[PDB]
Each structure stands twice: as structure tokens, then as C-alpha cells.
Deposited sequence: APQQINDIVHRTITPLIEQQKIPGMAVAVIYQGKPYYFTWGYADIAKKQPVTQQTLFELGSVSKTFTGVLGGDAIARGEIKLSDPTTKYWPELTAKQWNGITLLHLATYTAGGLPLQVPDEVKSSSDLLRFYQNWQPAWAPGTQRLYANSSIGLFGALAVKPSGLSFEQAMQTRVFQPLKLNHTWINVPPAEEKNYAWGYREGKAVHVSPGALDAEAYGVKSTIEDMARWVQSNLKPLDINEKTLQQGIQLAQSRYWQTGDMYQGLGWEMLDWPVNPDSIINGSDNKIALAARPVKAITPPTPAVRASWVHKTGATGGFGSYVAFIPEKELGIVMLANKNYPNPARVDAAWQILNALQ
């Protein structure tokens, strides 16, 4: 990589790894359509396996970006509309608090206080129904944003219903495969286990536990290479050949709501570029916030800092790109460490490259 890129990356990441005691980490910088990869430490401390460009990391919430794009693609195909009421896709949701809650609200965490986590006792399809039927909103829809897996996760499951495909088959077929993300998985197959890094929490090796709506909200695993390719696809969607996928990517970066200096897309979150670092950096763990509707939603704005933070019990990831500068970055680590530290590192790096 150009010495410049090499230096800013190493001088920023090296101290990060040491301060946060991160076991392993991979970073990709995408500059003008070219990726440069970097790796440090261990994917598996016990068996001394190093992190490589083929190491699979749990993306955690960064998976919501794939979900937002797949949903965006379903919209482009004419299969669903964000203005459709949720009950159109789950008519069994007859409890009246659901009247007025649209797929847009589910996708952008504005349904009225859907919880951060689906409860652990929710197993079966009927258990999920019961959870949503019994949930009591704190707010009318479209008034406040409360980050929630139970919200976009539900969006993801309904989004793929007209297609006939399961969420995983839709994702592989309409998103992963077309984008040639061949080492990106919702379920890691036995053949790829040798590359599946262990996450580390309190010194113990851990992998994400199965859970209701996990695939839709936080269950994707991927390599720094596929993730860099994911970033390039989002940086330049107009270069994607699949018509609906190209529109889907654009739809996921549309600004639907505003809170403070942040705009909510489908999965992706955005701020106007240039951004104040303390605006995105300090902008840390998930609170209840009033939202102003953007009527109609603003189409993807090239001068934006588009990003998504993500974590599982043992992994910490972050993705950010500036379309206008054809610049992006991916940081994958097998330790959930403070969000502000990820954003600060990403900012030092990207700001240095323009």
C-alpha cells in the first residue's frame, strides 16, 4: 500500500490494539476504488491462528446494513413498499397498537419503542407473534427513535415474504452472490470453520448464540475482503449491474429521519460531510430520541459520512465511508471494545486521506 496509507493506518491502529487489548483485528481502507488490507494478532489465541484476509469475524449490528439493502432491493423489485402497514405482511398482528405502524417505522426504529432485544424466551414463530401482539408502545409511530433489534429484525423478516424465499436464501441470492461476497455467511458452513475467529469476552473464547431474528439483526459473519467489497458497492452503487440491487443500495442510504446531526437510513446511519469528529465519535451507546421526519426522504447524499457500528458479545466492528471522496474503511476486531474508540480511529484515518 502507498506508504502514506500504510503509515496512517499503523500509527492509528497499533496504539488502539494495545489500549483496548484487542486479540486480533483486520482493517481495510478503500481509496479510489482500490482496497488495502492490514491484519494483526490472533483469530484464535489458543491454537495460535493469526488473523488473515480470509478470517471470518462476527459483524454484529453491521449486519443491519445488509438487511437494509436487501429490504431496499425488495422495494425496488416492487415486492413491498415502506409505506405498507406492517399487518399487510403479518395479518395475524391484530392488536390495535399496530394500526399505523408501517415497514418504514420498523426499518428505522421509529415504531414507538420496540425493545432493543427480542426476549430470550421467544423461540417459535408463534412466540414471536405473541411478543409483538403484547408489546405496548410508549409512543405514537414516527415520533421517537429507539435503536432496536426487535424492530429492524422484524422489518427483515417481513421484507422477504412476498419473494417466497427465506431471509438467508434471499440474502445469498439477491445480495451476497451478485456482489461476489463469497465468504460472507449468515450460517458459517463446516468447510469455513477453520477461518472462523473466536470472539473474546473477559478472556474467554465465545461465538454468538442463536436467537430470534438473529440473522436479520446481527448474524452475519464476513472477511475483511468481502467487507471492503461491500463498502465499495455502497460507495458506488451506480456501478452495480443488478438494477434492483443498485436501487436498493441507494434506498438504504436515503435520509428518512433526523435526530441531532444524524440521519437514519435503512441500516446505514449518515451525517453531512465534513463532520465534526466529536459529533460522530461521542455520538457511544441507543437512547430514546425525538425524530424529525424528512418529507420526502432525501436521496443518498454523496457528501456524507455513512457508517454503522456493530458488536456481538465477543466482537467489535465498524464501517464508514464518504462517497464524495471514494473513501472508506472497515475495522473488524474479535473483542467488543468502546464505540468511541472505533469511530475516533476511523476518523483519524479517513480524515488524513482527505
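Asker: Please report every deposited-sequence interval that has no C-alpha in the structure, sorted by position.
Answerer: 284, 287-289 are the stretches of the deposited chain that have no C-alpha coordinates in the structure.
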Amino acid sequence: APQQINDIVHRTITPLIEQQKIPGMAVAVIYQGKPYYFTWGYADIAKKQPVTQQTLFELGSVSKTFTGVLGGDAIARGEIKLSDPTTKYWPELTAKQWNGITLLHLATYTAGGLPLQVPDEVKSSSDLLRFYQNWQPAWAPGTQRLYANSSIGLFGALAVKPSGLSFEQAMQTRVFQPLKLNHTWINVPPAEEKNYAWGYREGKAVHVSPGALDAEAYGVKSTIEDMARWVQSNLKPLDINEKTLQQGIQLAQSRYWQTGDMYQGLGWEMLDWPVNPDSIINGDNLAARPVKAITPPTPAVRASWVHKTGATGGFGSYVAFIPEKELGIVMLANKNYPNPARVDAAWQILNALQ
From here on, numbers count along this sequence of modelled residues.
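Think of the rigid core as the biggest set of C-alphas that the two forms share within 1.5 Å after superposition.
Asker: In 8 other deposited structures of this protein, superposed on the rigid core, which stretch sits farther off in Cα RMS terms, 58-66 or 286-294?
Answerer: Most displaced of the pair in 8 other deposited structures of this protein: 286-294.
Asker: Out of 235-243 and 188-196, which stretch has the higher average CA B-factor listed in the record?
Answerer: Taking the mean B-factor of the alpha carbons in each, 235-243 is higher.
Asker: Comparing 53-61 with 321-329, which stretch shows the greater average C-alpha B-factor in the deposited entry?
Answerer: Mean CA B-factor is higher for 321-329.
Asker: From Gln32, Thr67, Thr312, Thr309, pick the one with the largest CA B-factor in the entry?
Answerer: Of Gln32, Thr67, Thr312, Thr309, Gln32 has the highest C-alpha B-factor.
Asker: Checking the entry, which one of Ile101, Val220, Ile280, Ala107 has the top C-alpha B factor?
Answerer: Answer for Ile101, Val220, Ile280, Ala107: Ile280, with the highest C-alpha B-factor.
Asker: Could you say whether, by C-alpha temperature factor, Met262 belongs to the lowest, middle or highest third of its chain?
Answerer: Top third by C-alpha B-factor.
Asker: Can you tell me which third, lowest, middle or highest, the CA B-factor of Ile13 falls into for its chain?
Answerer: Ranked within chain, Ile13 CA B lands in the highest tercile.
Asker: Taking the entry's C-alpha B-factors for this chain, is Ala212 in the lowest, middle or highest third?
Answerer: Answer is middle: the recorded C-alpha B-factor places it there.
Asker: Based on the deposited C-alpha B factors for this chain, I'd like to know if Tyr132 is in the lowest, middle or highest third.
Answerer: Lowest third, going by the recorded CA B-factors of the chain.
Asker: Among the modelled residues of its chain, does the C-alpha B-factor of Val122 lie in the lowest, middle or highest third?
Answerer: Highest third - that is where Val122 ends up once the chain's C-alpha B-factors are sorted.
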